[PDB]
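Submitted below is the structure of interest, expressed as structure tokens.
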């Protein structure tokens, strides 16, 4: 997953940054105790200045201590003088590990939120730039009635707007800390320590907690980040569908898939969209794992920790990369407006049959009289390969021909587009 | 799943009720068109009065029509006179199927919401009724420090309060209708029809839609209802853990598992909690299915419909039954307050070691001097089977014995309970 | 799931049939004990003759007994005289429930195995009937080189042949019984009882067991039945792809989707394939549930039982219906051999570029000289809309034109078909 | 996942080793063509000697080529002279990528197979070393009847023996190659090339293939490797259950969890087992992803490739580490034989009630007379806290007391152990 990681998200999930987050939690812990008259401020001002993380040293110590917080606590302590004594004062491993983890998630969520807002903009501009670009609506892969590429982009815009709303919400659920002690009873640690750290780390407090944060928070979070990935797959599948050789209504404007410098000009592949699809299949795996991490035993068990070492970075790193790669795909996406408008007539004008029927009935004609002077001619249009108009024009529906144009006009279906865009927040 | 269905939820997912929901949508559709001057109101007032659903008749017609909305449309039409003509006027199958489905979900969500609020009350009363009931906090299945059964119930209370909040939110996402036509372009159906129906059905409108509602709504909904099921499993696993023979700290007060009328008095099983666990394993299955229903093709494809015929009833029926069965389990749950307080001393008072250490250091003693007059005696307490006090009392820690009571007092750990309950909204 | 159930599989999962399976297990249990001189044979010959199941009576008794085996045991006992006493002699609930469940699975597996062999035949005949039917191979949805519809059906044939092989194997894993007593120690029940029943029920014995069969058996079984469902989805997605309006290379020969008796002749939908896709999304859900049923506690816990009440019938009923509906779809599937052969030339003969290149180099020409008298003309073929031949024919590649036919001949790609069919076991 | 990776498996999934596997495939490809008289052997003997992989160079070239096989092909080519020309002769990207991937899996499967056989040995020795170690069988977490720790280890031994059998099978499904060309038609590449490479790489041939291997192979493989992970979780959950403070029947002999050098001797945690549980939650995620990779489009689509870049290494690396860490846990696992035998009497001898009942009836006594001189005394044993014997001895069941020893003897339940071990293949 170094091939599928952008730099900013990748750095967040390094050991450097996890230990630095433990340090901040620890130091802030001492600042909290100090306001409560347990530790002299001078000693804490010393700690902030002299404390340095060393990933290699901590990991040397970890092979003997067999415990990762103890190792960290010892490492930092080797960079300090006497103020060593206050490092981790009246705290338990997971008061740090878990408050710090929520902090790092807050950092990851800052990125993903920006990715989401960017993608929403890309979708807003694509929508407006193809507002009236007629193409075929398709149901079961079959031509039904026309629509516009702009409307399809508006469909996506509002989906993402739903997905952002969600994500914003789950952030308040997940960016939450805990410093409630060995069993969540605040027995040997007042709640004002938690209150202090979490305010300064810019996160909230779990009102009631165990040794660890409650994992229904994490699970919904994964659920959410997976929903975003799934709808990215939806969009990617659209592009894949529309880039098919027989359609050619859009094209990933990357030139990828070959043929640019070769003699195979037809090889225009949606491999980026295929990529996004496959990453989506991974993000969704961790729905299982995140959900199975909820039934921890009693106050705590640590099984969730090994699983979320792999899942939390993977899922945020994958999601960050998918959001941006597909934001680019969509931005650069090449839309063939003429191929779209051409494909409207692959069904020989049979999509405008109900309109010719209606046009006859709304002209003094009987509900069945009009039906028998359309249906048989409509049939022959499909069986032979000739326009639906040319067969209608032969029979006496003439005396009208001045406005069969209106029945066969796909621009009829644009009549509510301005409202669809208003509804979507794109006016 | 007739063994795991309560009556009110079961009736919602019958064919009677689905067709009745199609009828209401249809009739309301005609009321909408009528205000728009397409249909005479008299004909619609006729329709409401004369239209009757017949599940057997519709299904007879369906074996030849091979289409379920057409079948319905024909059935109702046989119960009407001339006003037949306006049934389904200017509508497409899925404008009804899907607006009606969202309506039936609204009905299911009314039940589940009530189940959630009831369970929250059961948890509020259990919390207050055991606010100060000392038991052992357990980490990795091992004794750590004391806590109270009331606090554990408060932990659950706030989880559910999170889960309700979620559920309330997703309801606004899911209880949403659509009457936007064959491809979501409003081309041949003004949006004021959708607006009319959905207001009268008490649901909202999808701003931009395809032939069908967008399935990220459904998926998050399932996600959510599965999270609630997973945390029910969490709680059920707690009960299972605590009802183990070696613990006996709680007991499903059902008398189930045998021994009441037999000569096997020790067989007190948590089979209800085991049941809830197993249903939870089913609800979570449909996370997959709901998520894989999102990548529909273009304007629509119908694959989601076969999957949500089974999933939507199953998941709501299962969840309704799990919420209520476990609400009862918890309400009736028998708590052995004495067994809890006894088990605190299965570790021979070794849980109060840090407090004796502290008590010595906070009395003029050196940080290490106090450590060497606890640790070796603490060790011998575990290896032999004798109280930690009796070995401390032999050595000159005397000159104090008047308040070793305070070090060995588990009621120390109650000092923040009143605040934990205040935080949880149970003051 | 009454809409998605065939009759034979549906009957297997009724209460009638589960109780009848408990009866047989019980009776056979008594026949076993009898050979071991615990029960007189006359009493057992009585039992077989007089014992009748009554689903309504058992369920009446179950509302007070609160236990389903006890209820059954009491019901049957009301249909017997004195020989009542031997019903369930020296047995525990789950020795019956679970040996009987494996038996009912054996019955379900008889159906599915037949469904699989039928589908394999349908695929063998489709393969042979289109052995040489040229169509376009497609990669990333884009034209690559030709293939034949027969070869594509052979691809499916061998997949299913893999899937049958698997299924055959997992049957030996799952069609396995247990009568080892309360904790699997054979303490109060010799193994020759288990041996007797299981031989007569036509199933094997779990060498070492707990109170219950070990659920890794069930999980692999579900895994398997889900793999079969997933590859059915694969095939269904192919059909869906190929039935798209722009392709029209195949068509579900059902006439479903409308237009037969209407004036919308273009509405030829693959709704059956869409259906199979959606059922597939359900079968895969129960991968989760089956796998989470493996970590039972100690000798047993009953959580697996509530989950497999719903899963085992659902998954077998769904899979039986999907196998047969799609076997029919494929059998009746209408293949448009001319549309296939036409679509080969939608890329204007650009798929035969490497062959013209090769044909020049394999004629005294330089590896690059031939490349510059193809590539630029190939490019112009795609940009304009004119055959690749017509632009090649203008330049002096003439002096040859007698066998540009061989370069542009798609029948080149049939040269190994007879071997592909031999490899697949279709010669 | 560098914290959860052993070295041998980790090296297999490096870029060095993937490119080296591409090289071997390529070179072998040239050896195949050479036997077929397309390439001079001297040129291929040159290629084998001069071709060197360079991971950094290939990745430099990949940022411009935007294609990873082309990049590789160019890199190796820079290490060769004129024999460059034959590198990748008449092959397509995925003939190499995918034949090579199957090869690397073969390598991974060599490791996992060894891990499985080692774990099976560890389980065989544990079984024999505790063959007769009496402990309580537990159902619903409650005492039922005795069993032995040896029998429980035999239960695990046979499970793993099932899991190995499976794994052996799926290896033949997965360790399979493909060199069938752009669309699997062998059109421009005889099957004897595939035959040649795959024989020399020690893998089999896919009889019918597309551009890529068919992903039902991979999915079953993941399914399988996840089943093994799930049963590891089962075992780990057992250990976790049994190491609980109230039980203390086993203990991870690592000394991990603290208290060795501290004054908290009761902190004996099963954190290794907790770890294995959490990794298991990850391996199972990729059931989803592997299964969703099966519906590729037509001849191929590349979405499976991004997902199996992450999944295939992760799942094999995780599984290798879980198998070995838990093999060690089990080997070193400390069994408290005395605590086991003590816990048998936590139910006050009530587990031997049916045996006292039987002992009275099998002595001239009536089926009900014996029931009323046990049940009421059994009840009082549980309500008070006094042995079941002491209350039986007060009533005239005397005139017998010489062999109440036989009724209350747990060594009764060992009577079939020698057969359970024979059944399991441990005699």
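A, B, C and D are the chain letters, set down in written order, and residue numbers restart from 1 in every chain.
The working rule: a contact is a pair of C-beta atoms (placed from the backbone, for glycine too) under 8 Å apart; a residue touches a chain by one contact, two chains touch by 3 or more.
Q: Which of these pairs, A-C, A-D or B-C, matches B-D in more than half of the residue pairs in contact?
A: Within A-C, A-D or B-C, the interface duplicating B-D belongs to A-C.
Q: Between chain A and chain C, what distance separates the C-alpha centroids? Give it in angstrom.
A: Centres of chain A and chain C (C-alpha means) sit 33 Å apart.
Q: Report the inter-centroid distance (CA atoms only) between chain C and chain D in whole Å.
A: 25
Q: At least two partner chains per residue is the criterion; list those residues in chain D.
A: In chain D, 138-141, 144, 240-241, 271, 274, 284, 287-288, 292, 297, 301-302, 354 touch at least two other chains.
Q: For this structure, give each pair of chains that are touching.
A: The complete list of chain pairs in contact reads A-B, A-C, A-D, B-C, B-D, C-D.
Q: Using the touch rule from the top, collect the residues of chain A that touch chain D in their complex.
A: Within the complex, chain A touches chain D at residues 1, 3-4, 66-67, 240, 254, 256, 258, 271, 274-275, 277-279, 281-282, 284-289, 292-293, 297, 301-311, 314, 318.
Q: Over in the complex, which chain B residues touch chain D? Could you list them?
A: Of all residues in chain B, those touching chain D are 138-144, 240-241, 243-247, 257, 262-271, 274, 288, 292, 343, 346-347, 350-351, 353-354, 357, 371, 374-375, 378-379, 381-383.
Q: If we count contacts the way the header does, which residues on chain B are in touch with chain A in the complex?
A: My answer: residues 137-141, 144-148, 151, 154-155, 157-159, 162-163, 166, 169, 173, 181-188, 190-191, 207-211, 214, 216-217, 219-220, 223-224, 226-227, 230-231, 233-234, 237-238, 241, 284, 287-288, 291, 294-302, 354, 412-413, 415-417, 419-420, 423-425.
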